[PDB]
RNA sequence: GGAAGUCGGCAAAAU
RNA sequence: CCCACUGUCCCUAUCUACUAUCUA
RNA sequence: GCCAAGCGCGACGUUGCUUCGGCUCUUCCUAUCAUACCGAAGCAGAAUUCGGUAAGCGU
RNA sequence: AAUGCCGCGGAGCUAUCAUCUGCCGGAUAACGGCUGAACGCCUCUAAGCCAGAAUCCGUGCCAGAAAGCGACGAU
RNA sequence: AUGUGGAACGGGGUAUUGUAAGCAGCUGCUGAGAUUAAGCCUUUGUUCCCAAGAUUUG
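Protein chains in written order, with our numbering: chain A, 25 to 247; chain B, 50 to 181; chain C, 40 to 140; chain D, 690 to 854; chain E, -3 to 355; chain F, 3 to 337; chain G, 24 to 58.
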């Protein structure tokens, strides 16, 4: 668990997206965040400082796994070309034309199993299964449609809102085939995905994340 | 808030009834004053997309009414020109009921979200459904 | 840089030109001019509107996968674009001659 | 921090390198500063320096001297409460007078029992107008005796009188 | 009390000059005899009211700045009473409040009298009379301002203790090594001197152990300092860390330290007690060699356990052009096979067709 | 009201914007020019990549309105020497070229047609007969004068303007010694100086001209104005067919929008594209000058690479850049 | 904020004339001069 | 946007 | 008081006739 | 009242006790609310307080 | 059909309802100093000299003396 | 005061409106027709016009 803050915001997941094979950082902001990300994963996986839709919300807008990545239909042709050029050839990049362009805020996906929003389109689910090569389950996290924003998913563990029931948490953990912990990050910030991004071997949390929250994340992720 | 915001066409002045887009149960939002207004003579303060102003819950639940408390405008009826050159106008004037720190009071947002507003407020982008 | 197609006239829409409109269904309508923007406003069906491409199409009158950059591929695509347009122009001229006949 | 923290800072780090010299230079040049001040300044602040410097010389001269021996129709004046043709304002009316004893030399706030005689006018005496030189009787049980008002209540705002004793 | 946040308290002479100068600079100061009697009366009343408002505002700010002894925490109130004679401070605050009430009453009486003013001289005399009475009242309350200023300086310099959280109180014989252990454990560096009662006032330092925040509070050797230490230890949810000089190198015998600990046991009751055998090389018994600086960490961990049981790209950019002036190029960070192709641009749209979207 | 620095608000006493200040001379810099004369044609809108570090649109594209000024090459017809005096600058003497085109000769006459065309006749005669007087005058300028201004006139015939009188003016020759300026003027006698040689599309210049009149208001309009910091985006060549074709766009086209510039015509010579608006309506002459004081912030220093230039029909709601692609999309017409 | 006549701002303008200006403009004039 | 104008829905549009 | 409405207002802009202007 | 340098007063000190009324507008003054720069203060930092220059610019 | 009514409507006008641009030098005040007497020491001051405010004076910008002027062309 | 001269029209480009009259069996001729400088652009198109009156000036 590494503590970093993009600009003056503790929601690192909004401004950046983390996968098990590549990393994305915002463009036009401060290079310190990109340097911090490269200091921990630059020598392991490629890091691309790009933007989607001309905004710094690429972290909550782009969702994908180590196999493939998805970008909203609002992404520019030049932006898509830059992403493909920067990303490795084995990392497939596909555009999704969905009514909810916030792929990262609607769907949380791991390397093997993915949970999508209840109102996801059939074509989008088919594209996600074809690209990410993962099983897609249409469910909800803590009773909220924004499963991708209210829940953090990884290969070794998952984080959900602490208000969820024990039976609901157990059912979600069994469905995800991984341990699940119902807690909060960044000192009570209920958006776990926005407040923290976890890869297969490393995790990045906001500068306002408490020591107890960091220890809980380390225990859950076994990193 | 976080980051700068460009000059924008102002179309939501004071004394405006404005739709509530969150799931908190509020229906109508009433503009009282606009934050960050200059000392301009005989000029009514106005709001635009991504701007946070003092708003009152007119229609909603009893507990959220009668509180002069901030609200961020997410949709604007009047057409504006973004710096990329395209012109945008939305059907209605939607807003989100927000604490003065800048954190979404509700848990879900209905309707499209302006890209400048999602960029400006990271919490809004986190709780946004679609940003087009 | 994408030159989009207007919803109503189906003509080319260039940056700066026209107006952009977003629906509550998150569907986006681009209008090539104020006339076509207004024509959407009272909800005239393009296919009934005489001068729209949709009318001229349905009346007998007429890549989401990114690709790695390659100089040879771009040159081949640019060279083939002119030939394709020339072939399309010839086919349209023959179709116009057939329609006149 | 805790308690005298720059006193901890002065102890463990030291003082400013040239503070002792700068404070010495400031003291040495103060005489030129004050003389310059006495000539350039003007207005209220100059008059304050004038009064302050005159006082300082007076005490300084004494301290040296102590050194060597060691070696409409209404009443417009304050009053005390047909015949009442005029109007006596309640605010202008006063009921307690500060009477200073002559032999004792102590000022006591005694109630105004009544007005003996006003030399300005018998009508003012009848109306009980408190003016300069007016004779007024006040209770002296805690010390009734008469007293002459040696002040102007309409201007001073207080009924300051001296006991007739 | 410990919050400080109180503005400096000026002297009586300085306060009077500040009040008069503020009234003169703010209110108008041009009133000729040509104006009407009502205008003259209004001008005098405005000046008197402005002076009264300025005096009342400063007095109210001074009164509000000083915290109430009753509303403070029992530990804070006891320390303030032991250190600054809280009874005297309360008397001074009451005297200032009474003086402020008298000033307001005098101003109200003068305003009423001047409301029926007669001429310019009467208004001028009335205006002077009110100002002099206010100045006399301000000058009379002289020693109270000095006492309040000293209390404010002491309160601002005082530490902001937090007895609510987990804390470790180190008290005992003077220079028994408890201060040295506290200085080593916490970030704060408490001064140690050969003279007795070197740490006259309490020193509080935060420490981290087992993902927990512990407030290490040192106490004077056991007098005003001893009384303050006893008062702080009386009302504080903390673990006692009494240190006994095993080698008697601190000038206090082992029997004397034991007797002092037994006497102070009434304050140490209902708390985790630690008996630190100091200078071992030279109530849980823990041996900590003060001379050898050995066992301090173990003692701190034992006390904490007992208390718990009881309860680069950036560098390149800065070197090249610095932030905000250096243009980061994403073309270099591309996986294109041909370096020339990666560095060269391509036509996005040509002849009305998007070449990128059609290739 | 407005600023008091612009009153008295009265009509400008000149149709052509006169330079009131030239950049300070430097002997270290070699001999060059500082000002140029052009004609306003109109503006279009362009899409340009934003390489603005620290900005929120860094590495993005924006749409900018950019004024197009036709600047046909200017002909140097003479030189003027200025001597510093305790009463200011004074024109010591003037030397003209032997042969002057009818465009600049038309300036000296109100009625050139009715005139006997007698301008510079004896001057040309004495120039051809004896060159000692010309040598004496040029030696006088290089020896005594400290400021040198070359008389240059615009080739108004190439511009699609009915006016045939050339706007003669002076360009201060900043750089080198006084002798160097004199030698430069003599070599450039009767020749043409090109805007490509003067400005180079990435510097920060000022444009000066007379605003358009709004009639009578409760006088308002037709005043001399000076716009500062107007950035050149492209100095396009008239002969080249790629002038309006960028590198990201191809699509061989000309800067003149399809349907022609409104009330001006078609641009055929070298043109200059300046960001933002400039004073004066179409077909009015504008003057360009260099930066008097050096100030290149990031906006004034960053390089610019255009991506797409609009050439739609500004007359009406134009919707096609060129008639070629218009015919490709639109069905074949009856003609 | 300080105005454009701020003495320090004029000093910093003078400092930056020889840092991000001057030389790159002089040779820029030279290039179109030899043209 | 909708009375925020003015002491004020005065006049208009709404019906 | 609620709802609706509108250039009363933010903040004015455009058009038309007459007036206004000059000539005998 | 007590002193009281001094020239019977007697300064500074000391004892008591307590019809008018307001919108717009134009400029102007500084006796400065903000902006700029300094000085001092237990002024760590931050946020202040007091005091100078200062009417350029707002209010 | 007094411009009967309705939709669109160029051109023009227009909109912080649209878009561009808004500059540099010294001299000072407060104040901080340097050298330095007066006054064998000392002293930012007396003679002298630096640093220094959104202040001042210029530059830049607008007007051009309609009784200020120069160079030049023709006659 | 005879010329890449000017003006009248005309053609072309470009624009606005929305498929004209008329013919045939809503469809086709028909994105045709109409308007297009009155402060749009262009013209190897047609015709016409001008190589003057008056005034003042060393």
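By construction, the Cβ of each residue, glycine as well, lies at the ideal position given by its N, Cα and C atoms.
Item to complete: Output the residue ranges of the beta strand (DSSP E) runs that lie fully inside the stretch 174 to 221 of chain E and measure 3 residues or longer, sorted by chain position.
Response: 199 to 204 and 209 to 214
Worksheet entry | Residues within the stretch 102 to 126 of chain C neighbouring chain F, beta-carbon criterion of under 8 Å | 117 and 124
Worksheet item: Per DSSP, residue 285 of chain E forms a beta bridge with which residues?
Response: E:290
Discussion item. Please tell me whether residue 189 of chain F and residue 234 of chain F are closer than 8 Å, where the distance is taken between their beta carbons.
Written reply: no
Discussion item. On the criterion of 16 or more Cβ atoms from any shown chain inside 10 Å, does residue 95 of chain A qualify as buried, or is it exposed?
Written reply: buried
Practice prompt. Grab me the residues of residue 89 of chain A's own chain with a C-beta within less than 7 Å of its C-beta, minus the 5 sequence neighbours each way, in chain order.
Written response: 43, 44, 133, 134, 135, 156 and 158
Worksheet item: Which residues of chain B have a Cβ atom closer than 7 Å to the Cβ of residue 89 of chain A, listed in chain order?
Response: The premise fails here: residue 89 of chain A is roughly 20 Å from chain B at the closest Cβ pair, so nothing lies under 7 Å.
Fill in: Three-way DSSP call (helix, strand, coil) for residue 289 of chain F in this model
strand
Discussion item. Pairs of beta-carbons, one from the stretch 325 to 334 of chain E and one from the stretch 62 to 75 of chain A, closer than 8 Å: are there three or more?
Written reply: yes
Worksheet item: At least one CB of chain C closer than 8 Å to the CB of residue 258 of chain F: is that the case?
Response: no
Discussion item. So for residue 135 of chain F, helix, strand or coil by DSSP?
Written reply: helix
Practice prompt. Can you pull the chain C residues whose beta carbon is under 9 Å from the beta carbon of residue 338 of chain F, in chain order?
Written response: Any property of residue 338 of chain F remains undetermined from this structure, which presents chain F solely from 3 to 337.
Item to complete: For residue 824 of chain D, collect the residues of the same chain with a Cβ closer than 6 Å to its Cβ; drop the 5 residues on either side in sequence, then sort them by chain order.
Response: 805, 806, 835 and 837
Item to complete: Leaving aside the five residues before and after residue 314 of chain F along the sequence, list all residues of the same chain whose C-beta is less than 7 Å from its C-beta, in chain order.
Response: 259, 260, 320, 321, 322 and 323
Worksheet item: Among A:191, A:110, A:64 and A:152, which has the Cα closest to the Cα of residue 92 of chain A?
Response: A:152
Worksheet item: How close, in whole Å, do the beta carbons of residue 106 of chain B and residue 84 of chain B come, if the pair is a contact with beta carbons under 8 Å?
Response: Rounded, the Cβ-Cβ distance is 18 Å, inconsistent with contact.
Worksheet item: Using 8 Å as the limit for Cβ to Cβ distance, is residue 343 of chain E near chain F?
Response: yes
Worksheet entry | Three-state class that DSSP yields for residue 327 of chain E in the structure shown | coil
Worksheet item: Residues of chain C with CB under 8 Å from residue 55 of chain B, in chain order?
Response: Those do not exist, as residue 55 of chain B stays about 16 Å from chain C at its closest Cβ, beyond 8 Å.
Practice prompt. Please decide whether residue 329 of chain E counts as near chain C, where near means a Cβ-Cβ distance under 8 Å.
Written response: no
Item to complete: Along the alpha helix (DSSP H) that carries residue 42 of chain E, what are the first and last residues, could you check?
Response: 33 to 61
Worksheet item: By the 10 Å Cβ neighbour count, where 16 or more other Cβ atoms means buried, how is residue 90 of chain C classified, buried or exposed?
Response: exposed
Discussion item. Below 9 Å on C-beta distance, what does residue 54 of chain C contact in chain B?
Written reply: 133, 134 and 135
Item to complete: Tell me whether the beta-carbon of residue 126 of chain E lies closer than 8 Å to the beta-carbon of residue 44 of chain E.
Response: yes
Worksheet entry | CA-to-CA distance, residue 52 of chain B to residue 86 of chain B, given in whole angstroms | 18 Å
Worksheet item: My guess is that residue 266 of chain F and residue 43 of chain F are in contact by the Cβ rule of under 8 Å, so how many angstroms apart are they, rounded?
Response: 5 Å
Discussion item. With a threshold of 7 Å on Cβ separation, who are the neighbours of residue 63 of chain C within its own chain once the five nearest residues in sequence on each side are excluded?
Written reply: none
Discussion item. What does the Cβ neighbour count give for residue 744 of chain D, buried or exposed, with the cut at 16 atoms within 10 Å?
Written reply: exposed
Item to complete: Look at the Cβ atom of residue 783 of chain D, then the Cβ atom of residue 842 of chain D, and state whether they are nearer than 8 Å.
Response: yes
Item to complete: Report the neighbours of residue 63 of chain C on chain B: residues whose CB is nearer than 8 Å to its CB, in chain order.
Response: 140, 160 and 161
Worksheet item: Which residues of chain A have a Cβ atom closer than 7 Å to the Cβ of residue 174 of chain B, listed in chain order?
Response: 38, 81 and 84
Item to complete: Counting only the same chain and skipping the five closest in sequence on each side, list residues whose C-beta sits under 8 Å from that of residue 54 of chain A.
Response: 30 and 31
Worksheet item: For the ligand NAP, is there a heavy atom less than 7 Å away from the beta-carbon of residue 734 of chain D?
Response: What this structure holds is no ligand at all, so the ligand NAP is not there to describe.
Worksheet item: What residues from chain A crowd round residue 309 of chain E, counting only those whose CB sits closer than 7 Å?
Response: 55, 58, 59 and 62
Discussion item. Counting only Cβ-Cβ distances shorter than 7 Å, please list the residues of the stretch 136 to 170 of chain A near chain B, keeping chain order.
Written reply: 168, 169 and 170
Practice prompt. Enumerate, from N- to C-terminal direction, the unbroken alpha helix (DSSP H) stretches of 4 or more residues contained entirely within the stretch 130 to 168 of chain A.
Written response: 146 to 156
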